[PDB]
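S.K.:
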Amino acid sequence: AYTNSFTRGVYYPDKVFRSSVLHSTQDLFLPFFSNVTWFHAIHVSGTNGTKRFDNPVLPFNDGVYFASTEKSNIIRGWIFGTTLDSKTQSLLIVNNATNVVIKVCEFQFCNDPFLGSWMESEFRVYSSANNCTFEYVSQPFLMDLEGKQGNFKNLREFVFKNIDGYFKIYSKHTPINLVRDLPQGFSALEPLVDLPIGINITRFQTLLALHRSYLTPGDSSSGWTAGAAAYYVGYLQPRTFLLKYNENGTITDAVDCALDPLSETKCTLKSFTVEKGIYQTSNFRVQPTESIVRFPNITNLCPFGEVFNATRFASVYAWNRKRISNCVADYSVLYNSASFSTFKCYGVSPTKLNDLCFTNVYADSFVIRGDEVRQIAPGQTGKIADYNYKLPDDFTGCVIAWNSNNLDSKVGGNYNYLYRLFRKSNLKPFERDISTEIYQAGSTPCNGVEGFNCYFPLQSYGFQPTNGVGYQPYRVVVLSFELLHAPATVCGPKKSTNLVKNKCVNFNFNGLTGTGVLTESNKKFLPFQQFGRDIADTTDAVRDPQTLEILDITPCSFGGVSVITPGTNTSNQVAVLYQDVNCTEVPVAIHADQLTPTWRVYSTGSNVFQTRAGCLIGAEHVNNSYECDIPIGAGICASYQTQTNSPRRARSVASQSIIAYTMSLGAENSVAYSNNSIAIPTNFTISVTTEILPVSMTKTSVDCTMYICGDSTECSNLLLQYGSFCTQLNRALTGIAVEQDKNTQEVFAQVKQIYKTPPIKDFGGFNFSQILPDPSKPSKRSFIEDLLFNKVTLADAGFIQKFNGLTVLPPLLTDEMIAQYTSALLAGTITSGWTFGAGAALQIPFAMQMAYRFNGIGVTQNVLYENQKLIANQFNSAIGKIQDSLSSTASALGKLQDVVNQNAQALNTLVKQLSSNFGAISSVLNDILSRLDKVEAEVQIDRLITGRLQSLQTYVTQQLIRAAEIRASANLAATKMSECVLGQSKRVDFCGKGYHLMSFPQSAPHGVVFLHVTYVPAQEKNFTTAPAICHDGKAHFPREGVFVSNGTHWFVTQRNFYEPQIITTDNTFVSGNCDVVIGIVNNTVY
Amino acid sequence: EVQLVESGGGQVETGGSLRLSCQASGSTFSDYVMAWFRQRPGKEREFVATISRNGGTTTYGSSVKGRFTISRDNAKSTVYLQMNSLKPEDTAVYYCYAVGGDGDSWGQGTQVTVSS
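Those protein sequence lines, which keep their order, are chains A and D.
According to the entry's author numbering, the residues represented by the first sequence are 27 to 142, 151 to 834, 853 to 1138, in order.
Its first residue numbered 2, the second sequence is counted upward by one per residue in the entry's author numbering.
1) Does the Cβ-Cβ distance between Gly311 (chain A) and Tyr91 (chain A) come in under 8 Å?
2) Name, in chain order, the residues that DSSP records as bridge partners for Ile692 (chain A).
3) Go to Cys760 (chain A), then tell me how far its alpha helix (DSSP H) extends in each direction, as first and last residue.
4) Please confirm if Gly476 (chain A) has its CB atom under 8 Å from at least one CB of chain D.
5) Kindly indicate which three-state DSSP category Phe58 (chain A) falls into: helix, strand or coil?
6) Applying the criterion that 16 or more other CB atoms from any shown protein chain within 10 Å of the CB defines a buried residue, is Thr1066 (chain A) buried or exposed?
7) Assign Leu452 (chain A) to buried or exposed, taking buried as 16 or more other Cβ atoms, counted over all protein chains shown, within 10 Å of its Cβ.
8) Give the residues of chain A in contact with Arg46 (chain D), contact being defined as C-beta atoms less than 7 Å apart.
9) How big is the Cα-Cα spacing for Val622 (chain A) and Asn188 (chain A)?
10) Report the rounded CA-to-CA distance for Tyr266 (chain A) versus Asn536 (chain A), giving the unit in angstroms.
11) What residues in its chain sit with their C-beta under 6 Å from that of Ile1018 (chain A), if we drop five residues either side in the sequence?
12) Would you be able to state if there are at least three C-beta pairs under 8 Å between the region 34 to 50 of chain D and the region 89 to 97 of chain D?
13) Since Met1050 (chain A) is in the beta strand (DSSP E), which residue starts that stretch and which ends it?
14) Let me make sure I understand the geometry here. Which of A:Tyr423, A:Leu806, A:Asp442 has the alpha-carbon closest to that of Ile468 (chain A)?
15) Could you tell me which chain A residues have their CB closer than 8 Å to the CB of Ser78 (chain D), listed as they occur along the chain?
16) Under 8 Å between the Cβ atoms of residue 149 (chain A) and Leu293 (chain A)?
17) Is the region 701 to 720 of chain A in contact with the region 962 to 976 of chain A, if contact means three or more CB pairs nearer than 8 Å?
18) Of the residues that make up the region 42 to 74 of chain D, which ones have a beta carbon closer than 9 Å to any beta carbon in chain A?
19) Could you name the residues of chain D that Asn343 (chain A) contacts, counting a contact when the two beta carbons are closer than 7 Å?
20) When you compare each of A:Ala435, A:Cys379, A:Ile587, A:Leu390 to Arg403 (chain A) by their alpha carbons, which one comes out closest?
21) Does the region 450 to 465 of chain A touch the region 491 to 499 of chain A, meaning 3 or more C-beta pairs lie closer than 8 Å?
22) For the alpha helix (DSSP H) holding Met177 (chain A), just list the boundary residues, first then last.
23) Excluding the 5 residues flanking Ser297 (chain A) on each side, which residues of the same chain have their C-beta closer than 7 Å to its C-beta?
24) Would you mind telling me which residues of chain A sit closer than 7 Å to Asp103 (chain D), beta carbon to beta carbon, in chain order?
25) Does the separation of the CB atoms of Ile584 (chain A) and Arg577 (chain A) fall below 8 Å?
26) For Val635 (chain A) versus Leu629 (chain A), is the C-beta spacing smaller than 8 Å?
27) Between which residues of its own chain and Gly101 (chain D) is the CB-CB distance below 8 Å, once the five residues before and five after are set aside?
28) Exposed or buried, which one is residue 19 (chain A) when buried takes at least 16 other CB atoms within 10 Å?
29) Among A:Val826, A:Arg1107, A:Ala1078, whose alpha-carbon lies nearest the alpha-carbon of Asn1098 (chain A)?
30) Under a three-way DSSP split, which group does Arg20 (chain D) fall into?
31) Please classify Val551 (chain A): is it buried, with 16 or more other beta-carbons within 10 angstroms of its beta-carbon, or exposed?
32) Using three-state DSSP, classify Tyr612 (chain A) as helix, strand or coil.
33) Is the CB of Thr553 (chain A) under 8 Å away from at least one CB in chain D?
34) Between the Cα of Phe497 (chain A) and those of A:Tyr489, A:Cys488, A:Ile410, A:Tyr508, spot the shortest distance and give me the residue it belongs to.
35) Among A:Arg408, A:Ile788, A:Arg44, which residue has its Cα nearest to the Cα of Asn280 (chain A)?
36) Thinking C-alpha only, which one of A:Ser514, A:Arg408, A:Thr696 is nearest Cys391 (chain A)?
Laid out in structure tokens, this is it:
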């Protein structure tokens, strides 16, 4: 029986503490949604490892989740260990219901804790307390009345971890009513204890003692546990999570990492609420297949079998001197075949013989006495050891021997070999002396001719096949590896593996170590063959060295992840994008499927769609092509509606799955070439927008020493030893700081002096109500200013962050005076005119202030004052709806949160690099300072300084680039401030999308917001037009407008609003006659 | 080319003289030192006389050495052996036995039967 661990198994990792923190870590955890074995009882013949025991002993496996349920206190302790017997150490932890006693005692084997003795028995479990090595007492780990006073059922979740000799133990207690299976809902497991044990735990079993049941009708033997209390078991696996800590500091919730692609996004982007968007996550190139591959063909050979099988060897004294080279060797047959009587190798391992290489190999072979065999070795003394062939005390290959009483010995007697007694030139090792040493001086008292006149040191050595050792001829050949003297020449039999096709293989062609996929290529290498290349070691093409076919080697051939999520708050489905993999290769490590059972992860779904950038595993390609959304690559995007064909679908396309159409930037809105008939404004819209520019960043400074050293004088010594980097760094940060102040001054302080917000605000129906600062409400930030200062993430994720060396000097202009500047800008903008920057500000009423700002797009003051009422009310409505969208859309201000988050990341990663040892024996400073002597300290710490310095350097540079681009933005900002707050610019699509009216500064935490109020026309209409009228034999041409016809009467109108007029002299300019011109018409002038 | 073919040996009376020779199969003869041995039937090989690489250095055995005469002849590709003051105890198959290169060097085996 299997049940899912829906949410259990989570415990606070270490006694560390945090508050409202989304911390993450990887410890041995019970995976989410895992099948667990519902042990209940004997379930007769349901026991496989134990006998008459309900729930047999099980493997430990480095961690188990445990939980026992009951309606009354029943379940006893546990047994941990490897043998659970006196043989090998094991652990026992029992609940006495009066106290808990923890013992590692080696108890005798009890097949059951409850041998039948049902309850009157006295602790049957304690078979023997021999070698009790540990003991401890504490308050019981108790259970019930939860189970009956509440009449619920009670719980105790447990985790028995053996981590580094420390046996961490956790617990909780909880009522339950739905007694059938483990419920949903969340919890945690605080520990109780650590135990420095150090035992090896491989098996463990639960303990329960049958007091008295009634399962069987015996009235005493009724004690039975087939239908009694039960418990589940899981196993913990090394998976990381992301925790969610409480205000009080509790584990409120937790999320997986390898369960879903979705959870893996969560843990990439540390949060519980991701928004719609592709999140490059963790790439997965390949696991290469087996091994080296060359071929089974051409190779060469030394004639070893020539000389070894040569059944005629020579005198030991007249030992052969044979040099062999320029081949391929093989020492397998000699070393393994039973031909030799003796195999013994001196400073050369017989195993590695083939893979070694030698310039020259010498074979010195002969026949030896059986008893003399011992004297061929470095460090041997004797007649032959001194006077026939002497080994030196150095690297000699081997000393081989094999009897040849069959071949060397003959029954007719064989005296043919020899052994000189004691009388040649003493044999500096390797001297082939063969001289006839009859006399020495013919007079010497030792040998001479006096005393000895019938001696000859050569003593020919008779023998016979059946004569005995000593008279036993052993054939001996020695392989003299002459090596390293020159280029190596002799190596064993390599080129020994078949080649492979079209699968990621770690290949080696004649020393070319690499990994790739082999393919049939189509060029021809010249005998300069051996390999090809594209650039600078890209050994892209290669041929086999042994049969001469050429091949291509393309890379390990691919991996990818680009998970798509439409947003947790509004869906929970996920589909994975694989960057550039023809998922014929079933993308992940082809068909990874060694992972958690998860159809996206278990990527085989029929819902697939290959594109330029690989394929989507959760893919439902359509051909209908809406507007783009979360972008995939090369056009294609996602995110249609909930109801394309089926109701079960969500705005996440094809709910629980995802489609990917091809981007279609919209529809078509063409007109065709007109004859001359214009489509021209009859009605329109004045409207409004937004824009958000960062204009600064939060100031920062970093005392270089304190960041690096932080009061460790030796660090300060070495840091002043590295020249003046610190000065440069501090200076650059100071420069960008004062630069920030300059930007603020340039953006806001353009005007010379404040003109107050007029007390009586009665602006021509153009209600503000929202832009001018608070009437007298606190801080004098305007209502829109208020929401700008509040809807901005007031957390900022919580930068309120100076710990060591960090600091923040505050800005110069403060938000009160900044808002004062802004308000002044407003006041000049509205009362003065476009002149509160060109000298002393003048004054003009707002009706004219916008009539001659209409005149800035080509419409006179009849237009407004004729429609001053409705145009004004449109302004009020539009600017009110500003409040709406600025108040409503989440991520509306994304630019300034982007900036502040960027600096947040910068500093946060900076201190995290602070916590890194960069090759040092530790990351923290004072211990490595104080754990070692002077020299090794200073060198390792110096490694730390250099790493810290480079990190700080990267931060400073990155800040410089960010600062410069913000400078450009700020210059643009003040430029806009000037062109369309101190005037009305015309550079198209700079002061708002459309014909511009005006711009309104609004403060910001670090940026600025404009309100580009633009003129976007509407309601086009078609009429007849003519570039001239020939009147009185004479063409006409318009001064202030154009001639338009209704089809029957001609009318004079302007170019961005239909305002027709009669044809009159004073608006029409008159030259030549009807010239060579197209479109001229009748119906002449008054 | 060391196919040493013993030559010159033949039946001899007790006290006579004969030439003994041997030839490698068309090679150098200086460096290949010859040795000559006696193997009476009813026993095995023994040694009477030999020579050096020079050939001038007529190093015979330790037994009576004025018996035999030796000469390596590089100009005629054969050794030359003149045995003299003979005794019937040399009825044996001799071997020219050019030491250089192959030590146990022979391949014809020259018979010298010492008659009555």
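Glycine included, each C-beta is placed from N, C-alpha and C at the ideal position.
M.R.: Quick look at the numbers:
1) In the first sequence, counting from the first residue as 1, residue 311 (chain A) sits at position 277. In the first sequence, counting from the first residue as 1, residue 91 (chain A) sits at position 65. In this structure, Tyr91 (chain A) does not lie closer than 8 Å to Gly311 (chain A) by Cβ.
2) Here residue 692 (chain A) corresponds to residue number 658 of the first sequence, with the count starting at 1. Note: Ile692 (chain A) sits in a beta bridge opposite A:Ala653.
3) The residue labelled residue 760 (chain A) in the question sits at position 726 within the first sequence. Element bounds for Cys760 (chain A): 759 to 782.
4) Taking the first residue of the first sequence as position 1, residue 476 (chain A) is located at position 442. No, because no Cβ of chain D sits closer than 8 Å to the Cβ of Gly476 (chain A).
5) Looking up residue 58 (chain A) in the first sequence gives position 32. The answer is coil: DSSP assigns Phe58 (chain A) none of H, G, I, E or B.
6) Numbered from its first residue, the first sequence carries residue 1066 (chain A) at position 1014. It is buried - the Cβ of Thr1066 (chain A) has at least 16 other Cβ atoms within 10 Å.
7) Walking along the first sequence from the start, residue 452 (chain A) turns up at place 418. With 16 or more Cβ atoms within 10 Å of its Cβ, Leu452 (chain A) is classed as buried.
8) Taking the second sequence and counting its residues from 1, one reaches residue 46 (chain D) at position 45. What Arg46 (chain D) touches in chain A: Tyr449.
9) Counting from 1 along the first sequence, the entry for residue 622 (chain A) is found at position 588. Counting from 1 along the first sequence, the entry for residue 188 (chain A) is found at position 154. In a straight line, the C-alpha of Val622 (chain A) is about 44 Å away from that of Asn188 (chain A).
10) If you number the first sequence from 1, residue 266 (chain A) lands on position 232. If you number the first sequence from 1, residue 536 (chain A) lands on position 502. Whole-angstrom Cα-Cα distance: 47 Å.
11) Here residue 1018 (chain A) is taken as the residue at index 966 of the first sequence, counted from 1. Answer for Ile1018 (chain A): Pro728, listed in chain order.
12) yes
13) Taking the first sequence and counting its residues from 1, the one referred to as residue 1050 (chain A) is at position 998. Taken as a continuous stretch (DSSP letters only), the beta strand (DSSP E) holding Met1050 (chain A) covers 1047 to 1050.
14) Indexing the first sequence from 1 puts residue 468 (chain A) at position 434. With distances taken between Cα atoms, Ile468 (chain A) lies closest to A:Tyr423.
15) The residue labelled residue 78 (chain D) in the question sits at position 77 within the second sequence. In chain order: nothing, as chain A lies at least about 21 Å away.
16) In this structure residue 149 (chain A) is absent; chain A steps straight from 142 to 151.
17) no
18) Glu45, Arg46, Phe48, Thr51, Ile52, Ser53, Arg54, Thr58, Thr60, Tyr61, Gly62, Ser63, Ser64
19) Along the first sequence, read from residue 1 onward, the residue named residue 343 (chain A) stands at position 309. Within 7 Å Cβ-Cβ: nothing; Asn343 (chain A) doesn't reach chain D, min ~18 Å.
20) The count along the first sequence starts at 1 and reaches residue 403 (chain A) at position 369. The shortest C-alpha separation from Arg403 (chain A) is found at A:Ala435.
21) yes
22) Against the first sequence, residue 177 (chain A) aligns to sequence position 143. That residue, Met177 (chain A), is in no alpha helix (DSSP H); it is neither H nor E in DSSP.
23) Working through the first sequence from its first residue, we reach residue 297 (chain A) at position 263. Result list for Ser297 (chain A): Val289, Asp290, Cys291, in chain order.
24) The count along the second sequence starts at 1 and reaches residue 103 (chain D) at position 102. Result: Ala348.
25) The residue given as residue 584 (chain A) occupies position 550 in the first sequence. The residue given as residue 577 (chain A) occupies position 543 in the first sequence. In this structure, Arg577 (chain A) lies closer than 8 Å to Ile584 (chain A) by Cβ.
26) By 1-based counting over the first sequence, the position of residue 635 (chain A) is 601. By 1-based counting over the first sequence, the position of residue 629 (chain A) is 595. Cβ distance < 8 Å, so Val635 (chain A) and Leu629 (chain A) count as in contact.
27) The residue given as residue 101 (chain D) occupies position 100 in the second sequence. For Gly101 (chain D), where only same-chain residues beyond five positions count, the Cβ hits under 8 Å are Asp32, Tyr33, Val34, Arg54.
28) Outside the shown range of chain A (27 to 1138) lies residue 19 (chain A), about which nothing can therefore be said.
29) The residue given as residue 1098 (chain A) occupies position 1046 in the first sequence. Of the listed residues, the one whose Cα sits closest to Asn1098 (chain A) is A:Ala1078.
30) Position 19 of the second sequence, counted from the start, is the residue given in the question as residue 20 (chain D). In this structure, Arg20 (chain D) counts as strand in the three-state DSSP scheme.
31) Reading the first sequence from its first residue, position 517 is the one you call residue 551 (chain A). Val551 (chain A) comes out buried.
32) Taking the first residue of the first sequence as position 1, residue 612 (chain A) is located at position 578. Here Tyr612 (chain A) sits in coil by DSSP.
33) Mapped onto the first sequence, residue 553 (chain A) falls at position 519. Judged by the 8 Å Cβ criterion, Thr553 (chain A) is not in contact with chain D.
34) As a first step, residue 497 (chain A) is located in the first sequence; it is residue number 463 there, counting from the start. Among A:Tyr489, A:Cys488, A:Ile410, A:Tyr508, the Cα nearest to that of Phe497 (chain A) is on A:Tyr508.
35) Counting from one through the first sequence, the residue named residue 280 (chain A) turns up at place 246. It is A:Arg44 whose Cα lies nearest to the Cα of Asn280 (chain A).
36) Numbered from 1 along the first sequence, position 357 holds the residue referred to as residue 391 (chain A). Looking at the Cα atoms, A:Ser514 is the closest of the given residues.
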